[PDB]
Every structure is written in structure tokens, then in C-alpha cells.
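Asker: The structure file start23.tsv (TSV, C-alpha atoms) is provided below.
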```tsv
chain	number	residue	atom	x	y	z
A	283	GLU	CA	93.46	-28.28	-3.65
A	284	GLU	CA	94.66	-31.59	-2.18
A	285	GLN	CA	94.08	-35.29	-2.82
A	286	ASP	CA	92.41	-37.65	-0.33
A	287	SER	CA	95.03	-38.62	2.26
A	288	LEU	CA	95.69	-40.45	5.52
A	289	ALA	CA	94.69	-37.25	7.34
A	290	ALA	CA	91.02	-37.88	6.46
A	291	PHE	CA	90.94	-41.56	5.43
A	292	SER	CA	92.36	-44.63	7.14
A	293	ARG	CA	93.16	-46.45	3.87
A	294	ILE	CA	94.75	-45.04	0.69
A	295	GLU	CA	95.47	-47.12	-2.42
A	296	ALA	CA	97.78	-46.58	-5.37
A	297	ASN	CA	96.51	-45.64	-8.80
A	298	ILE	CA	99.02	-48.03	-10.39
A	299	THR	CA	97.19	-51.28	-11.02
A	300	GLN	CA	98.23	-54.63	-9.58
A	301	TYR	CA	99.31	-55.96	-12.99
A	302	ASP	CA	100.79	-52.80	-14.49
A	303	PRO	CA	103.76	-53.81	-16.68
A	304	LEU	CA	106.19	-51.95	-14.41
A	305	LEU	CA	105.06	-54.11	-11.50
A	306	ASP	CA	104.48	-57.31	-13.48
A	307	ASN	CA	107.97	-57.20	-14.99
A	308	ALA	CA	109.62	-56.61	-11.64
A	309	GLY	CA	109.00	-59.72	-9.58
A	310	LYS	CA	107.82	-60.21	-6.05
A	311	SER	CA	111.57	-60.05	-5.46
A	312	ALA	CA	111.21	-56.26	-5.78
A	313	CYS	CA	108.95	-56.08	-2.72
A	314	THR	CA	111.79	-55.50	-0.25
A	315	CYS	CA	113.25	-52.65	-2.28
A	316	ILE	CA	109.78	-51.13	-2.66
A	317	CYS	CA	109.29	-51.38	1.11
A	318	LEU	CA	112.61	-49.67	1.79
A	319	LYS	CA	111.50	-46.87	-0.56
A	320	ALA	CA	108.26	-46.77	1.44
A	321	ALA	CA	110.21	-46.30	4.67
A	322	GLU	CA	112.31	-43.55	3.08
A	323	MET	CA	109.35	-41.57	1.77
A	324	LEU	CA	106.81	-42.22	4.55
A	325	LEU	CA	109.22	-41.46	7.41
A	326	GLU	CA	109.56	-37.98	5.88
A	327	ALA	CA	105.82	-37.48	5.39
A	328	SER	CA	102.89	-36.13	7.33
A	329	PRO	CA	99.46	-37.79	7.12
A	330	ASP	CA	98.05	-35.28	4.64
A	331	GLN	CA	100.98	-35.86	2.27
A	332	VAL	CA	100.13	-39.60	2.06
A	333	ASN	CA	97.82	-39.75	-0.97
A	334	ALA	CA	97.44	-42.14	-3.89
A	335	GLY	CA	100.13	-40.35	-5.88
A	336	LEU	CA	102.70	-40.78	-3.12
A	337	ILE	CA	102.01	-44.53	-3.08
A	338	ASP	CA	102.50	-44.47	-6.87
A	339	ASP	CA	105.83	-42.69	-6.34
A	340	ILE	CA	106.97	-45.34	-3.85
A	341	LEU	CA	106.22	-48.10	-6.34
A	342	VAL	CA	107.91	-46.44	-9.31
A	343	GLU	CA	111.04	-45.20	-7.56
A	344	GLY	CA	111.21	-48.44	-5.62
A	345	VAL	CA	111.22	-50.40	-8.87
A	346	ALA	CA	113.80	-48.02	-10.36
A	347	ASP	CA	116.16	-48.63	-7.43
A	348	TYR	CA	115.44	-52.37	-7.71
A	349	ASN	CA	116.30	-52.51	-11.42
A	350	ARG	CA	119.55	-50.64	-10.72
A	351	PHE	CA	120.63	-53.29	-8.19
A	352	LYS	CA	119.24	-56.57	-9.57
A	353	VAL	CA	121.72	-59.15	-10.91
A	358	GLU	CA	117.94	-63.65	-5.94
A	359	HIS	CA	118.76	-62.71	-2.35
A	360	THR	CA	116.43	-59.78	-1.58
A	361	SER	CA	116.83	-59.36	2.18
A	362	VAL	CA	117.07	-55.88	3.68
A	363	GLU	CA	120.76	-56.65	4.25
A	364	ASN	CA	121.27	-57.02	0.48
A	365	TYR	CA	120.45	-53.33	-0.14
A	366	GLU	CA	122.71	-50.38	0.69
A	367	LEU	CA	120.59	-48.40	3.12
A	368	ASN	CA	122.38	-45.08	2.58
A	369	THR	CA	121.04	-44.96	-0.98
A	370	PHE	CA	117.55	-44.86	0.60
A	371	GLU	CA	118.64	-42.20	3.13
A	372	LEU	CA	118.01	-44.83	5.84
A	373	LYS	CA	119.91	-45.84	8.97
A	374	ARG	CA	119.57	-49.25	10.57
A	375	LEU	CA	118.76	-49.41	14.30
A	376	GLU	CA	119.45	-52.36	16.60
A	377	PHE	CA	116.16	-54.13	17.38
A	378	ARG	CA	115.84	-57.81	18.26
A	379	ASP	CA	114.04	-60.26	20.54
A	380	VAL	CA	116.42	-60.31	23.49
A	381	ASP	CA	114.21	-62.95	25.14
A	382	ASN	CA	114.82	-65.49	22.39
A	383	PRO	CA	117.75	-67.68	23.50
A	384	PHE	CA	118.90	-68.18	19.90
A	385	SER	CA	119.14	-64.45	19.18
A	386	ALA	CA	122.44	-62.58	18.99
A	387	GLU	CA	123.28	-58.89	18.96
A	388	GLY	CA	122.86	-57.47	15.46
A	389	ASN	CA	120.33	-60.07	14.37
A	390	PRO	CA	117.03	-58.75	13.06
A	391	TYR	CA	113.89	-59.20	15.12
A	392	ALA	CA	112.93	-62.77	14.33
A	393	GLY	CA	110.04	-64.85	15.58
A	394	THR	CA	106.82	-66.58	14.73
A	395	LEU	CA	103.65	-64.76	13.82
A	396	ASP	CA	102.39	-65.23	17.38
A	397	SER	CA	105.12	-62.82	18.52
A	398	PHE	CA	103.89	-59.90	16.39
A	399	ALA	CA	102.11	-57.98	19.15
A	400	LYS	CA	105.10	-58.35	21.47
A	401	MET	CA	107.43	-57.03	18.80
A	402	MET	CA	105.21	-54.01	18.27
A	403	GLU	CA	105.00	-53.23	21.98
A	404	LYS	CA	108.77	-53.43	22.34
A	405	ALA	CA	109.24	-51.23	19.27
A	406	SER	CA	106.70	-48.64	20.43
A	407	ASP	CA	107.99	-48.41	24.01
A	408	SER	CA	111.75	-48.57	23.33
A	409	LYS	CA	113.98	-45.60	24.08
A	410	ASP	CA	116.47	-46.93	21.51
A	411	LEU	CA	113.86	-46.51	18.74
A	412	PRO	CA	112.81	-42.86	18.27
A	413	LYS	CA	109.59	-42.03	16.51
A	414	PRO	CA	108.90	-42.04	13.59
A	415	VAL	CA	110.68	-45.33	12.94
A	416	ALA	CA	109.92	-48.00	10.35
A	417	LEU	CA	109.91	-51.78	10.61
A	418	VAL	CA	110.54	-53.59	7.34
A	419	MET	CA	109.04	-57.04	7.86
A	420	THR	CA	109.48	-60.11	5.65
A	421	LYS	CA	107.46	-63.35	5.85
A	422	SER	CA	107.64	-66.10	3.22
A	423	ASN	CA	109.35	-63.84	0.64
A	424	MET	CA	106.75	-61.06	0.98
A	425	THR	CA	107.61	-57.78	2.72
A	426	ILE	CA	105.60	-54.95	4.28
A	427	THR	CA	106.62	-51.72	5.96
A	428	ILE	CA	105.15	-50.58	9.27
A	429	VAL	CA	105.69	-46.95	10.22
A	430	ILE	CA	105.46	-46.26	13.95
A	431	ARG	CA	104.24	-42.66	14.21
A	432	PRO	CA	104.74	-40.28	17.16
A	433	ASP	CA	100.96	-39.78	17.32
A	434	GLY	CA	100.57	-43.41	18.44
A	435	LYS	CA	99.24	-44.59	15.08
A	436	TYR	CA	100.78	-47.16	12.73
A	437	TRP	CA	100.95	-46.94	8.94
A	438	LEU	CA	100.93	-50.35	7.25
A	439	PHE	CA	102.30	-50.25	3.68
A	440	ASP	CA	101.47	-53.44	1.77
A	441	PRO	CA	102.73	-53.91	-1.80
A	442	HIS	CA	101.14	-57.35	-2.17
A	443	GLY	CA	98.59	-56.04	-4.68
A	444	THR	CA	95.03	-55.66	-3.41
A	445	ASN	CA	91.67	-54.89	-5.00
A	446	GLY	CA	93.39	-54.39	-8.36
A	447	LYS	CA	95.94	-51.82	-7.15
A	448	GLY	CA	99.67	-52.20	-6.73
A	449	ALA	CA	99.78	-51.24	-3.06
A	450	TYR	CA	97.87	-49.61	-0.23
A	451	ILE	CA	98.60	-47.92	3.10
A	452	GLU	CA	96.37	-48.30	6.17
A	453	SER	CA	96.54	-46.16	9.30
A	454	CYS	CA	95.89	-48.25	12.41
A	455	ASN	CA	95.80	-48.16	16.17
A	456	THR	CA	97.65	-50.87	18.11
A	457	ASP	CA	94.95	-53.52	18.22
A	458	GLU	CA	93.72	-52.99	14.66
A	459	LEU	CA	97.31	-53.37	13.39
A	460	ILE	CA	97.54	-56.74	15.12
A	461	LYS	CA	94.27	-57.78	13.49
A	462	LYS	CA	95.36	-56.67	10.01
A	463	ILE	CA	98.63	-58.62	10.17
A	464	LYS	CA	96.58	-61.77	10.79
A	465	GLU	CA	94.98	-61.18	7.37
A	466	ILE	CA	98.13	-60.15	5.48
A	467	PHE	CA	100.32	-62.96	6.88
A	468	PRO	CA	97.83	-65.69	7.86
A	469	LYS	CA	99.18	-68.17	10.38
A	470	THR	CA	99.33	-71.84	9.46
A	471	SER	CA	97.80	-73.87	12.27
A	472	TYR	CA	96.32	-77.35	12.50
A	473	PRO	CA	95.77	-79.81	15.35
A	474	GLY	CA	99.02	-81.53	16.25
A	475	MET	CA	101.31	-79.05	14.48
A	476	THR	CA	104.82	-79.36	15.89
A	477	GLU	CA	106.98	-76.42	16.94
A	478	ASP	CA	109.32	-77.40	14.10
A	479	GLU	CA	106.42	-77.05	11.67
A	480	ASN	CA	105.33	-73.80	13.36
A	481	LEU	CA	108.81	-72.33	12.87
A	482	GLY	CA	108.84	-73.50	9.25
A	483	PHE	CA	105.46	-72.04	8.29
A	484	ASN	CA	105.14	-69.00	10.52
A	485	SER	CA	108.52	-67.30	10.97
A	486	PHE	CA	109.27	-63.70	10.00
A	487	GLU	CA	112.14	-61.23	10.34
A	488	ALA	CA	112.02	-57.45	10.73
A	489	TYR	CA	114.57	-54.65	10.46
A	490	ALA	CA	114.24	-51.25	12.10
A	491	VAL	CA	115.21	-48.16	10.11
A	492	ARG	CA	115.02	-44.40	10.52
A	493	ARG	CA	115.91	-41.33	8.48
```
Is it possible to give me this structure as C-alpha cells?

Answerer:
Amino acid sequence: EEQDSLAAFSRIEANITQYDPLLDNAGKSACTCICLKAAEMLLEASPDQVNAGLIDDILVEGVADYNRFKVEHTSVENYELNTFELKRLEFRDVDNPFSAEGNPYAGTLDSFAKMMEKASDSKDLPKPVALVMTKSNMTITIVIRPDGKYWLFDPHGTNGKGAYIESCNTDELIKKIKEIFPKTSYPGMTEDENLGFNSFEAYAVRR
């Protein structure tokens, strides 16, 4: 009496199609709002609650919240986190000399694994905790679960569906990010070009 879920499958996809009018009308600018809705709903969930209908709910309610607030700057900071029942937690790259307290975690794609290790082994970040990560105006949500697994929620639109969630171990998560946010690299690329093509920012939130 239950739908297929993350308890038995490592990937679950929405029923809502990639080009459904609700998603097509809302732009890619709605991705950050949808990802904050994903944090809200997934941080409250257990693996067997995460089925295709829950992903559908994230998309629809995420778009509803986005339409209420639109009219663009669509950073996590532009949304009022209490309306998502979320709390922001301090989380940044203290090793980066340009970073300041209160900044998000910012770096190049090469720093992804380090970010995840700091997030998973930090006392200041309880579990479950979500990272909302933006690269080149596209956003994903990564849920760090107390069972050591990671849920990757990706609203980019894949295989004809509006979003999917994948449950990953540490190394598989690293490998999947390389596919979602491919790094730009060519012989002779400067660090200035690397920062311009390959930077991301991430915010940490909890319920």
C-alpha cells in the first residue's frame, strides 16, 4: 500500500513532466525556491516517504511560493526562510582568505568534496541538514542524512521529468556532481577563468 521510494530505490523521479506548463511558465529562476521547498519537505521525511508524489509536491508548492514572491535576484538570501520553516546555519570555507563570517560556502567545483567532508563532520551542523547549492543560476539541494547517505534533489529536468532525487554515498555523490555541474577545463586555463566558469555558493539550512 505504498509507492516506490528511496527506501528501496536509489533514484526516484517526479511524475510532473519536464515541460509541464506549471514548470515551463515558471522560469529557471524558480529553481532556488523549489530547492528551498525541497529542503523543507525532505528534512522532515524518512526514506520510505520519498516517492514520486512527494517530488511532485515539492515542485508544485515550490512554484506556488515562487509565484507569491516574484516581482530577478533569486539567491537563497532573497527568500524569507521562516516561510519555509527553515533556519540558516553558519557554514563557510574558513580556509579561503577572501571569506568572511556569514558568507555562504563559496568555492570552485574542485572544492566540492572538501565542502561535503566539512559539512558531514561538523559539530555545528546537526543531521539531517540541507545544503542549497547554486552554480551558474541552477540550484540543487543536498540532504545530509544521519544514516551517512546523501539525497541529491535536482530540479534541472531529466529524462522528461521535472525533477529527481538520488540517494548516494560519499564518493558517488562526488561523482554525480561532476555530471550535474560539469567543470570547464582546458589546457592553459587561468585561475581567473577557473573562478569565472566553475564557482558555486552553498547555504546550510535545517528545520

Asker: Might I get the box with edges along x, y and z of the file that holds all atoms of range 412-418 of chain A listed there, padded by 5 Å on every side, given as centre and edge lengths in Å to one decimal, as AutoDock Vina command-line options?

Answerer:
```
--center_x 110.9 --center_y -47.8 --center_z 12.8 --size_x 13.9 --size_y 21.6 --size_z 20.9
```

Asker: Can you list every residue of range 349-451 of chain A that has an atom at most 7 Å from range 288-300 of chain A, with its nearest atom pair and the distance in Å to one decimal, using all atoms listed in the file, ordered by chain then number, as CSV?

Answerer:
```
residue,atom,partner,partner_atom,distance
A:443,CA,A:300,CA,5.1
A:446,CA,A:300,CA,5.0
A:447,CA,A:299,CA,4.1
A:448,CA,A:300,CA,4.0
A:449,CA,A:296,CA,5.6
A:450,CA,A:295,CA,4.1
A:451,CA,A:294,CA,5.4
```

Asker: At a cut-off of 10 Å, using all atoms listed in the file, what residues contact residue 433 in chain A? Leave out same-chain residues fewer than 5 positions from it and give the result as an MDAnalysis selection string.

Answerer: chainID A and resid 413:414 455

Asker: Can you tell me which residues surround residue 380 in chain A at a distance of at most 10 Å, considering only C-alpha atoms, apart from same-chain residues fewer than 6 positions away, and format the answer as a PyMOL selection string?

Answerer: chain A and resi 386-387+389+391

Asker: Excluding residue 416 in chain A and its own-chain neighbours fewer than 4 positions away, which residues fall within 9 Å of it when counting all atoms listed in the file? Please give them as a list in words.

Answerer: residues 321, 322, 324, 325, 427, 428, 429, 430, 431, 489, 490, 491 and 492 of chain A

Asker: Would you mind exporting C-alpha atoms of the selected residues as an mmCIF file, in the frame of the given file?

Answerer:
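And here is the file that came out, result.cif:
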```cif
data_model
loop_
_atom_site.group_PDB
_atom_site.id
_atom_site.type_symbol
_atom_site.label_atom_id
_atom_site.label_comp_id
_atom_site.auth_asym_id
_atom_site.auth_seq_id
_atom_site.Cartn_x
_atom_site.Cartn_y
_atom_site.Cartn_z
ATOM 1 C CA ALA A 321 110.210 -46.300 4.670
ATOM 2 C CA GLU A 322 112.310 -43.550 3.080
ATOM 3 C CA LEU A 324 106.810 -42.220 4.550
ATOM 4 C CA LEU A 325 109.220 -41.460 7.410
ATOM 5 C CA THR A 427 106.620 -51.720 5.960
ATOM 6 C CA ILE A 428 105.150 -50.580 9.270
ATOM 7 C CA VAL A 429 105.690 -46.950 10.220
ATOM 8 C CA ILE A 430 105.460 -46.260 13.950
ATOM 9 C CA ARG A 431 104.240 -42.660 14.210
ATOM 10 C CA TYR A 489 114.570 -54.650 10.460
ATOM 11 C CA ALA A 490 114.240 -51.250 12.100
ATOM 12 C CA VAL A 491 115.210 -48.160 10.110
ATOM 13 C CA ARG A 492 115.020 -44.400 10.520
#
```

Asker: From the set A:472, A:390, A:419, A:493, which residue has the shortest atom-to-atom contact distance to residue 369 in chain A, counting only C-alpha atoms?

Answerer: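 Among A:472, A:390, A:419, A:493, it is A:493 that comes nearest to residue 369 in chain A.
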
Asker: One decimal, Å: what's the distance from CA of residue 397 in chain A over to CA of residue 385 in chain A, could you say?

Answerer: 14.1 Å

Asker: Quick one: distance from CA of residue 445 in chain A to CA of residue 398 in chain A in Å, one decimal?

Answerer: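 Atom-to-atom, CA of residue 445 in chain A and CA of residue 398 in chain A are spaced 25.1 Å apart.
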
Asker: Within 9 Å of residue 456 in chain A, counting all atoms listed in the file, which residues show up once you throw out same-chain ones fewer than 2 positions away? Write them as an MDAnalysis selection string, please.

Answerer: chainID A and resid 399 402:403 434:436 454 458:461

Asker: Between A:344, A:412, A:482, A:335, single out the one closest to residue 469 in chain A, counting all atoms listed in the file.

Answerer: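 Once distances to residue 469 in chain A are computed over all atoms listed in the file, the minimum belongs to A:482.
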
Asker: CA of residue 440 in chain A and CA of residue 317 in chain A are how many Å apart?

Answerer: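 Atom-to-atom, CA of residue 440 in chain A to CA of residue 317 in chain A, that is 8.1 Å.
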
Asker: For residue 438 in chain A, which of A:332, A:395, A:349, A:480 is the closest residue, counting all atoms listed in the file?

Answerer: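 When distances to residue 438 in chain A are compared using all atoms listed in the file, the smallest one comes from A:332.
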
Asker: Please list as a PyMOL selection string every residue within 12 Å of range 309-313 of chain A, counting all atoms listed in the file and excluding residues in the same chain fewer than 4 positions away.

Answerer: chain A and resi 300-305+317-320+340-353+358-362+364-365+418-427+439-443+448-449
